[PDB]
Amino acid sequence: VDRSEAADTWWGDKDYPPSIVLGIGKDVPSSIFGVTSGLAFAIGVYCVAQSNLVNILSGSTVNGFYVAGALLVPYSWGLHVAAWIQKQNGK
Amino acid sequence: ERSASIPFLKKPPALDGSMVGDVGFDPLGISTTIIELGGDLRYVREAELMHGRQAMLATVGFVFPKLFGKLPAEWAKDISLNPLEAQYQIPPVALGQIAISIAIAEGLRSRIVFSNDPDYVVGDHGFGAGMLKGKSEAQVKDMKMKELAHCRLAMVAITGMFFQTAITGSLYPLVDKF
Amino acid sequence: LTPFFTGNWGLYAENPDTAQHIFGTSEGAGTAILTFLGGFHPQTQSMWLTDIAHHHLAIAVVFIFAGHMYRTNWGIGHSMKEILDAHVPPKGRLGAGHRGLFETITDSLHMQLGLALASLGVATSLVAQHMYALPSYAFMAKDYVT
Amino acid sequence: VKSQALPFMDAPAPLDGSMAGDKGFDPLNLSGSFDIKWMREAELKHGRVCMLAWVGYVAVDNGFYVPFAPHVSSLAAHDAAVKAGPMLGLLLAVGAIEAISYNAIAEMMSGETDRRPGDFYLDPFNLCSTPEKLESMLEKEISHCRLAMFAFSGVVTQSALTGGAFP
Ligand SMILES: CCCCCC(=O)OC\C(C=C=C1C(C)(C)C[C@H](OC(C)=O)C[C@@]1(C)O)=C/C=C/C(C)=C/C=C/C=C(C)/C=C/C=C(\C)C(=O)C[C@@]12O[C@]1(C)C[C@@H](O)CC2(C)C
Ligand SMILES: CC1=C(C#C/C(C)=C/C=C/C(C)=C/C=C/C=C(C)/C=C/C=C(C)/C=C/[C@@]23O[C@]2(C)C[C@@H](O)CC3(C)C)C(C)(C)C[C@H](O)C1
């Protein structure tokens, strides 16, 4: 990326971001964003609880699937901010 | 618009067919970034030729001492026939001789390598340049292209032979068990 | 590497070094290469080399991932100018936000130098505070002058 | 328009009879949501992998082998080949093609090249000469891609379930 090849993403004069900030997901609807964010939050919190709260983590018990699903919790935050942005942009 | 070597990727902007062995092979665009920086592909072509020619010499030397007699063996008799162990067994006298010769030759090479002269044809050091006196332009380009093909093949050949000798200790159809 | 490929990576933690281990000798030595025992090695009073190796392996995973953030000749990635331009809070709370900061940072070498020096000074303070509290080199804790 | 295979709604915007196998089947707007060239390339890649997977599974279970093989059923053949080693070599060989595919996908989606998804210009005998041949073979390829996806899913699930013979 250079100075020239960069989208006009400033939105200080407006009430919501342009959808272009979402990049590859600039067209996925707010419904999909919200549903995926909710599923991601539920699955990730389930994974974290099953990994460290319901069970005690250890060298012989660390689970790759739970570890990977934990990363869906921040993805859930991003998806919910995205859902709000697309709802405000009208998609 | 599209490379000839990889006919589903764009042609490298840097490569334009005006070089020996230009078949548009640059997925990374190393040439692209070089020309964007401001350089020219003379250095990379000369490095290709140097690496290759070394690789051809080293390919033949990899298998010669086993397939054929390891010299009359005045001093070499102690050194193993495995090329990966022969490197760590050269005597100091011979090692110094070969190192000094190579170092002097390539110190001579360095000045023309890093000169601003545009007359210098890439990989044209004058060693045995007398056979191109009678060759035509098409013959010259085609011979340089055979040279580049041999270079490119021998480079991969050394990687194959070195890894095979390191992990297996034997080249399959040719030299074995060394 | 059979454990690494099978995914049974706990075999690399199994059989850690014993508390009776003597540094530089095979007596009391384990086979584990990647552990998270914590604390200190009892003889040397420095952290376990298995722990340090696991630290550097994991931390590298993180950094090699994070090094795929930005867009370079393959479309997928991020645009730092776009990020800075859009990060302006609503109703002009921080004025125009971070607009123009990309241009100023990438044009001015003194701002880059200042950011680098601040980060490196904080890191130097961090290593000073961490080396004495958590020694990593064998027998350094009893070497009071060093 | 009002979609085929869901005759009570309309196909998403990308589905307009442009590409092969466009039966108007995308109820969730999941291709108007994200670029359909990537979707088509993913579909094609899945289909090719599953065609090769099904035919290889059937051949190995029937008794097709290489000059040096573990000579084991195709279910445990994965573990046997991995423990032998050459599966990792296959990983490197396909990784080369996949890095070149990273490049190709980037150019295709950016617009530097007019590449169709899943088009590596592999046509030795010019079996797609005229456009009629082009759409006919693309249609056949996509139908086989989907059917082979289903075929390998069924074969591998059934084999992992019962552990029986070829069928
Ligand atoms: C599943 C049941 C249904 C769910 C519904 C739902 O949610 O909808 C969407 C929704 C509301 C809504 C709706 C509409 C969108 C308006 C319309 C929808 O209707 C449609 C679409 O038709 C339904 C409706 C009415 O509901 C809002 C949901 C909001 C939600 C759920 C917000 C969670 C934030 C979490 C945060 C910030 C966590 C941080 C967590 C942190 C900071 C960490 O711990 C991070 C970390 O340590 C971790 C874990 C792992 C470690 O390695 C390290 C890291 C640092 C990585
Ligand atoms: C890795 C591997 C294998 C392999 C391999 C492969 C493919 C190897 C290929 C090797 C290859 C292709 C090797 C080229 C050599 C070129 C030579 C020697 C040229 C010398 C040229 C000289 C010395 C020229 C001297 C001159 O002074 C002369 C005489 C005249 C003067 O005017 C000037 C010049 C300078 C011209 C095996 C073995 C098949 C087994 C298994 O597959 C694994």
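Chains as they are written, first to last, in PDB author numbering: chain r, 43 to 133; chain C, 31 to 208; chain b, 222 to 367; chain H, 30 to 196. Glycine residues also receive a C-beta, built at the ideal position from the N, C-alpha and C atoms.
How many whole angstroms separate the CB atoms of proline 42 of chain C and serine 33 of chain C, which I take to be in contact at a CB cut-off of 8 Å?
7 Å
Report the start-end ranges of each alpha helix (DSSP H) in the segment 59 to 115 of chain r that is 4 residues or longer and not cut off at the edges.
Taking 4 residues as the minimum length, the alpha helix (DSSP H) runs contained wholly in the segment 59 to 115 of chain r are 72 to 90, 106 to 112, in order along the chain.
Are the segment 295 to 304 of chain b and the segment 134 to 146 of chain H in contact at 8 Å, needing three or more beta carbon pairs?
yes
Quick test of your reading: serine 200 of chain C and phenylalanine 208 of chain C, contact by CB under 8 Å. State the CB separation rounded to the nearest angstrom.
7 Å
Extent of the continuous alpha helix (DSSP H) to which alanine 105 of chain H belongs:
Careful: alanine 105 of chain H lies outside any alpha helix (DSSP H) and carries neither H nor E.
Can you tell me whether DSSP reads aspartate 64 of chain H as helix, strand or coil?
coil
Could you check whether the Cβ of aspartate 50 of chain r sits closer than 7 Å to any Cβ belonging to chain H?
no
Residues around ligand 1, please: the condition is that the C-beta lies closer than 5 Å to some non-hydrogen atom of it.
r:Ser73, r:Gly76, r:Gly80, r:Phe83, r:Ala84, r:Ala112, r:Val115, r:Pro116, r:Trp119, r:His122
Say whether the segment 85 to 99 of chain r touches the segment 63 to 71 of chain r, bearing in mind that this needs 3 or more beta-carbon pairs closer than 8 Å, one atom from each stretch.
no
Rank C:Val93, C:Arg75, C:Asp154, C:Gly47 by C-alpha distance to the C-alpha of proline 203 of chain C and give the top, closest one.
Ranking the options by Cα distance to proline 203 of chain C, first place goes to C:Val93.
Within its chain, find whatever has a CB closer than 6 Å to the CB of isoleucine 65 of chain C; leave out the 5 residues flanking it on each side and keep chain order.
The residues are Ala44.
Cβ-Cβ separation, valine 50 of chain C to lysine 174 of chain C (assumed contact under 8 Å), whole Å:
5 Å
Strand pairing of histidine 299 of chain b, partner residues [DSSP]:
b:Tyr291
Could you tell me which whole alpha helix (DSSP H) segments of length 4 or greater appear in the segment 124 to 190 of chain H?
none
Bridge-paired residues (DSSP) for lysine 31 of chain H
H:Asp39
For the alpha helix (DSSP H) holding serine 131 of chain C, just list the boundary residues, first then last.
122 to 143
What are the boundary residues of the alpha helix (DSSP H) that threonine 198 of chain C is part of?
No alpha helix (DSSP H) holds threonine 198 of chain C; DSSP gives it neither H nor E.
Below 6 Å, is the gap between the Cβ of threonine 325 of chain b and the nearest heavy atom of ligand 2?
no
What residues of chain b sit near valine 111 of chain H, judged by a beta carbon separation below 8 Å?
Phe226
Report the neighbours of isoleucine 74 of chain r on chain H: residues whose CB is nearer than 9 Å to its CB, in chain order.
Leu57, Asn58, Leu59, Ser62
If we count the other Cβ atoms within 10 Å of its Cβ and call it buried at 16 or more, is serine 61 of chain C buried or exposed?
buried
Taking 7 Å as the limit between beta carbons, can you name the residues of its chain near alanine 196 of chain C, skipping five residues before and five after?
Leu114
For a cutoff of 7 Å on Cβ pairs, would you count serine 102 of chain r as touching chain b?
yes
Interface residues of chain C facing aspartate 39 of chain H [CB-CB closer than 9 Å]:
What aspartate 39 of chain H touches in chain C: nothing, since even the nearest Cβ is about 34 Å away.
Quick check on residue 182 of chain r - is its C-beta less than 7 Å from some C-beta in chain b?
Here chain r covers residues 43 to 133 and nothing more, so residue 182 of chain r does not appear.
From b:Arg292, b:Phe225, b:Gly231, b:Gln264, pick the residue whose C-alpha is nearest to that of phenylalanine 244 of chain b; which is it?
b:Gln264
Can you find a heavy atom of ligand 2 that lies under 6 Å from the Cβ of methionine 191 of chain C?
yes
Run of the alpha helix (DSSP H) containing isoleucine 36 of chain C, from where it starts to where it stops:
It is not in any alpha helix (DSSP H) - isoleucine 36 of chain C carries neither H nor E in the DSSP assignment.
Buried/exposed call for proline 148 of chain C, threshold 16 Cβ in 10 Å:
exposed
Hey, is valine 43 of chain r's beta-carbon within less than 7 Å of any beta-carbon in chain b?
yes
Would you please verify whether the beta carbon of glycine 259 of chain b is less than 7 Å from any beta carbon of chain H?
When Cβ-Cβ separations below 7 Å define contact, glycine 259 of chain b makes no contact with chain H.
Ligand 2 heavy atoms versus the CB of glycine 318 of chain b: any closer than 6 Å?
Checking the Cβ of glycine 318 of chain b against ligand 2 gives no.
Does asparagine 155 of chain H come within less than 7 Å of chain C when only Cβ atoms are used?
no
Within a Cβ cutoff of 6 Å, which residues of the same chain sit near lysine 96 of chain C, ignoring the five residues on either side of it in sequence?
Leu111, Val205, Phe208
Between which two residues does the alpha helix (DSSP H) holding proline 95 of chain C run?
Residues 72 to 97.
Using 10 angstroms around the beta-carbon of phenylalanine 38 of chain C, count the other beta-carbons present and answer buried if the total reaches 16, otherwise exposed.
buried
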